[PDB]
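Protein chains in written order, with PDB author numbering: chain X, 1 to 142; chain J, 7 to 188; chain n, 32 to 113; chain e, 75 to 133.
We put the beta carbon where it would ideally sit given N, CA and C, even for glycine.
All remarks here apply to the structure that follows.
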Amino acid sequence: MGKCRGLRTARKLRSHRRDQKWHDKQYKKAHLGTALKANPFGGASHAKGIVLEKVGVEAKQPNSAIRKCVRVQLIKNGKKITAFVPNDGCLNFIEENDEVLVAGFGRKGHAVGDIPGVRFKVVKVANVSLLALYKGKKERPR
Amino acid sequence: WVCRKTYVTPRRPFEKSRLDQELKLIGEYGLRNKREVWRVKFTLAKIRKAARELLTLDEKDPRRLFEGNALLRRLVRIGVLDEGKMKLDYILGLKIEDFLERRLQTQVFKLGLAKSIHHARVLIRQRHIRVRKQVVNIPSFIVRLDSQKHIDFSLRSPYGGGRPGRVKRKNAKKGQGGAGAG
Amino acid sequence: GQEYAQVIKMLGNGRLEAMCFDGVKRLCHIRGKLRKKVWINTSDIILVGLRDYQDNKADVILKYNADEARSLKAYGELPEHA
Amino acid sequence: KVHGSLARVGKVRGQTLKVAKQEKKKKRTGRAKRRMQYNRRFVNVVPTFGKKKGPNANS
RNA sequence: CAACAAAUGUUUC
RNA sequence: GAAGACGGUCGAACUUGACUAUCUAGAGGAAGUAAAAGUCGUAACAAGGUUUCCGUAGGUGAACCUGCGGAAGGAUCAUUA
RNA sequence: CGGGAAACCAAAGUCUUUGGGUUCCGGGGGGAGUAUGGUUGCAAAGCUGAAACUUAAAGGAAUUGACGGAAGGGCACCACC
RNA sequence: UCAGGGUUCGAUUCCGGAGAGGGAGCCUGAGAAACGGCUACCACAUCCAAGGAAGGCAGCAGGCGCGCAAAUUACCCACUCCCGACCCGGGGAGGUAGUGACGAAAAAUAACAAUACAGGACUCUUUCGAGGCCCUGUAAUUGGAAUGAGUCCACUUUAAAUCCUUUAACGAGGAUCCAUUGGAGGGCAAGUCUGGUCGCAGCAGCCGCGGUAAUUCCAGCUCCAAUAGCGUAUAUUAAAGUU
């Protein structure tokens with residue numbers, strides 16, 4: 001029970017807990033403010049940038065495909081980031097020097113699937129929603 | 007500007023057994039949606055929790071006495087609850103139908119003046135039903151005991167009297183302009 | 032509908048050094064259906080896939096033969112010097 | 075390690091012969107639709123003890 | 001009675 | 001009874017060094033990482049054909065080799081005189 | 001008896017029926033006992049000890065084959081003699 | 001956020017504290033180290049006939065920049081209160097409308113017979129067969145039976161209006177007065193589909209699918225789930241007895 005049991009010993013128990021909390025990764029991340037300091041997105045949920053170039057990335061085994069992302073300079077902190085472009089032929093819709101709204105995978109910062117070193121996805125261009133673009137609700141305005 | 011939610015969804019989402027149960031409730035009870043059921047599963051859980059707390063308290067305990075009796079009296083005014091129940095030991099052993107049974111909709115069936123939990127809801131939502139001086143359009147209502155008798159069609163909706171119907175009255179003048187003259 | 036290629040060096044593990052007849056050396060990846068019974072060589076003709084991607088690289092899809100090579104003059108692909 | 079192509083981008087979407095929309099019915103407003111569900115599912119819905127059956131079956 | 005060598009390498013499966 | 005004015009106190013600000021904290025450019029260099037279908041050796045899961053591994057020191061294309069003291073998580077829970 | 005995932009364990013028992021005292025270390029695996037500052041050292045090195053990134057299994061135990069240049073093994077001129 | 005224990009947040013309708021471009025000083029007055037006072041410097045910006053001169057929206061609107069992200073350059077002191085010499089004036093305090101799917105409440109987009117039929121427990125019959133209650137669909141159209149959503153005399157609201165809550169005259173036969181958004185291989189609710197492709201495009205948080213009979217794709221058809229809402233990303237919490 002690895003832990004005193006004296007009526008007094010609040011301070012030891014209280015503090016021993018403070019000492020071990022660190023190992024928790026979610027906890028440490030939060031106390032070290034990692035999201036502000038390391039992360040490309042601010043510690044925000046979405047982030048907008050300009051498209052530098054279009055990449056065809058080489059999906060990891062045992063899968064085999066060309067992935068199709070763009071490389072993006074985030075306006076907020078000039079950070080360089082590669083982001084996936086989802087659905088069929090949607091690259092089509094984003095051009096070099098584009099602008100785009102990027103969002104996390106939903107993986108907690110950890111890349112997704114077979115898609116290697118890509119941690120973000122495009123959501124908007126034409127300020128304009130790949131979904132609405134892919135469907136043809138709305139266009140590549142211009 | 008204070009506000010609160012009135013319903014709670016179930017922890018979990020796909021438990022055939024629960025889904026069927028809810029569907030039977032919607033059907034018997036001319037309900038509209040799962041929320042319609044969820045709202046009541048929620049109403050009930052709070053009542054039961056209110057009950058359970060009380061039941062853990064000492065009897066005669068000014069707090070237990072004063073609020074227990076009140077919860078009971080409230081639960082009885084609406085007919086939801088009955089006397090032997092009408093103590094806390096019995097609310098603990100209670101269920102959703104008991105509430106669901108007191109809404110308008112099912113009463114307008116329950117005395118002929120609808121012949122369907124169906125008919126009932128469209129009747130209510132369409133202004134042909136007063137609870138004695140007052141139209142009530144809320145198929146969702148909760149008919150209090152000594153209020154059971156005052157439910158009836160309204161003073162003007164046609165049944166309830168009053169000309170015919172913006173569509174019946176159309177039909178009267180539908181046999182009038184052509185078949186009468188030119 | 033693209034050109035071809037010509038293996039120059041070998042790397043290993045889904046990696047091979049090739050020399051596109053056009054004068055472009057890149058690391059091509061074997062093809063999945065071809066690799067089944069095809070083992071690219073450092074001296075042979077091959078076909079790699081390459082689309083909107085600068086073309087700086089390509090993946091191997093199928094292979095070729097040699098004996099036919101003499102016919103390649105007839106293939107209308109290689110010049111009077113290959 | 076990327077090199078490769080995109081030539082083929084969007085090859086199936088563009089090769090997938092479009093289909094009409096056809097049409098037909100409206101399905102029903104809120105509670106009424108719940109009612110049809112409950113009768114089709116449960117009243118309907120009698121079931122057999124056929125060792126079961128299905129919702130989106132063909133033959 | 002005691003003791004004794006040995007390399008590498010093509011596919012979905 | 002004003003401007004002004006003697007000397008002082010508070011002291012913004014300015015100029016030059018020191019100090020401390022936080023952040024950030026950089027020719028090049030050397031790690032580790034991915035990793036992975038490559039090249040050269042065979043270093044150490046079956047006693048892996050030199051049992052393995054630890055501490056430590058020197059040395060080697062590269063796995064690794066070797067001495068000195070440990071361990072068995074070994075290939076012995078035994079040795080019958 | 002009872003414990004434990006089992007191998008096992010009279011302590012590794014008296015642990016969901018979870019509470020005798022006290023002390024220490026761990027929170028998936030790799031990056032790494034690595035970077036960096038402090039400290040100790042003549043030196044070799046020791047103590048304290050991250051991150052970026054990387055990745056969906058790392059690992060334990062038992063069960064069973066397959067297989068062995070492990071032991072008792074056999075059997076056949078598709079094996080030897 | 002709910003076992004209980006707990007776990008996390010709190011700028012933000014109240015209280016206490018702090019500031020009004022940055023710093024410092026001061027006058028007045030009972031009360032100020034005040035900036036819708038002043039004064040200097042410091043940083044900024046403006047007018048000028050170039051000597052001068054005047055300024056501070058972390059007030060209300062609005063505008064730039066910033067970004068993932070946030071409304072009218074609108075009406076009124078009538079309510080609620082405040083101030084003054086004040087019953088009487090004045091109040092971007094504050095009310096009032098406009099924008100407003102933060103989010104929360106109520107819950108429309110169709111109910112009832114009839115034929116017509118399709119059917120099942122019940123009864124009768126040796127069986128065939130027939131009757132029968134409870135009814136649900138499903139057409140066939142009927143048939144009578146309906147209500148605001150819009151629209152609109154009148155009236156209400158209120159400072160005056162708006163909307164609500166109020167109503168004469170209109171407003172439901174479906175092709176509508178036309179409901180959506182995700183899913184249907186496992187977890188996971190729902191295609192041992194049809195066309196197309198053939199480890200390609202794509203799908204896939206995870207496991208995994210697709211290499212020519214694809215229940216995972218791409219589309220339809222059909223079906224499920226939540227439903228005037230639903231998907232997605234993210235902080236954080238529950239789950240987590242993985243602090």
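Within the 8 Å Cβ cut-off, does residue i reach chain J?
i, result
"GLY104 of chain e", "yes"
"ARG114 of chain e", "no"
"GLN96 of chain e", "no"
"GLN111 of chain e", "yes"
Step through the CB atoms of chain e and report whether any lies within less than 8 Å of the CB of residue i.
i, result
"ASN39 of chain J", "yes"
"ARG131 of chain J", "no"
"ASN87 of chain n", "yes"
"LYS176 of chain J", "no"
"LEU29 of chain J", "yes"
"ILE148 of chain J", "no"
"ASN77 of chain X", "no"
"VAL118 of chain X", "no"
"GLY54 of chain n", "no"
"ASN92 of chain X", "yes"
"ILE32 of chain J", "yes"
"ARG162 of chain J", "no"
"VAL72 of chain X", "no"
"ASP98 of chain n", "no"
"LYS68 of chain X", "yes"
Need the endpoints of the beta strand (DSSP E) that residue i sits in, please.
i, result
"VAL100 of chain X", "100-104"
"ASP90 of chain n", "90-94"
"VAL149 of chain J", "Neither: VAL149 of chain J is in no beta strand (DSSP E) and is coded neither H nor E."
"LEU80 of chain e", "Segment: none, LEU80 of chain e is in no beta strand (DSSP E) and carries neither H nor E."
"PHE93 of chain X", "Neither: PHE93 of chain X is in no beta strand (DSSP E) and is coded neither H nor E."
First and last residue of the alpha helix (DSSP H) that includes residue i?
i, result
"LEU78 of chain J", "68-83"
"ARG58 of chain J", "40-62"
"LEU58 of chain n", "Counting along the chain, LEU58 of chain n falls outside any alpha helix (DSSP H), though it belongs to the beta strand (DSSP E) covering 55-59."
"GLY88 of chain e", "85-89"
"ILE130 of chain J", "123-131"
"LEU130 of chain X", "130-135"
"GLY45 of chain n", "Note, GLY45 of chain n: premise wrong, no alpha helix (DSSP H); not H, not E."
"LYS21 of chain X", "10-21"
Using beta carbons (cut-off 8 Å, strictly below), is residue i in contact with chain X?
i, result
"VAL86 of chain e", "yes"
"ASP75 of chain n", "no"
"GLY107 of chain n", "no"
"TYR84 of chain n", "yes"
"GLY43 of chain n", "no"
"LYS75 of chain e", "yes"
"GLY63 of chain n", "yes"
"residue 156 of chain e", "Here chain e has residues from 75 to 133 only, and residue 156 of chain e is not among them."
So, under 8 Å CB-CB, residue i and residue j are touching, yes? Tell me the CB distance rounded to an integer number of Å.
i, j, result
"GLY78 of chain e", "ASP90 of chain n", "5 Å"
"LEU133 of chain X", "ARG140 of chain X", "6 Å"
"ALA49 of chain n", "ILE61 of chain n", "About 11 Å; that fails the 8 Å criterion."
"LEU100 of chain J", "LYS93 of chain J", "The pair is not a contact, with the Cβ atoms about 12 Å apart (cut-off 8 Å)."
Whose C-beta lies closer than 6 Å to the C-beta of residue i among residues of the same chain, with five residues either side of it excluded?
i, result
"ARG138 of chain J", "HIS156"
"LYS21 of chain X", "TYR27"
Would you say residue i lies against chain n (beta-carbon separation less than 8 Å)?
i, result
"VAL93 of chain e", "no"
"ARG82 of chain e", "yes"
"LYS54 of chain X", "yes"
For residue i, which residues in the same chain have their Cβ closer than 7 Å to its Cβ, ignoring the five residues on either side in sequence?
i, result
"residue 189 of chain J", "An answer regarding residue 189 of chain J cannot be provided, because it is not within the stretch 7 to 188 covered by chain J."
"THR49 of chain J", "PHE105"
"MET110 of chain e", "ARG102"
For the ligand COA, I want to know if residue i counts as a neighbour, meaning its beta carbon is within less than 7 Å of at least one of the ligand's heavy atoms.
i, result
"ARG58 of chain J", "The ligand COA is not among the ligands present in this structure, which contains no ligands whatsoever."
Task: Ordered list of beta strand (DSSP E) runs contained in the segment 151-180 of chain J, each at least 3 residues - done: none
Task: 3 or more residues per run - each beta strand (DSSP E) lying fully within the segment 30-80 of chain X - done: 46-55 and 69-74
TODO: Can you check the segment 7-31 of chain J for any beta strand (DSSP E) of at least 3 residues that lies completely inside it and give the ranges in chain order?
DONE: none
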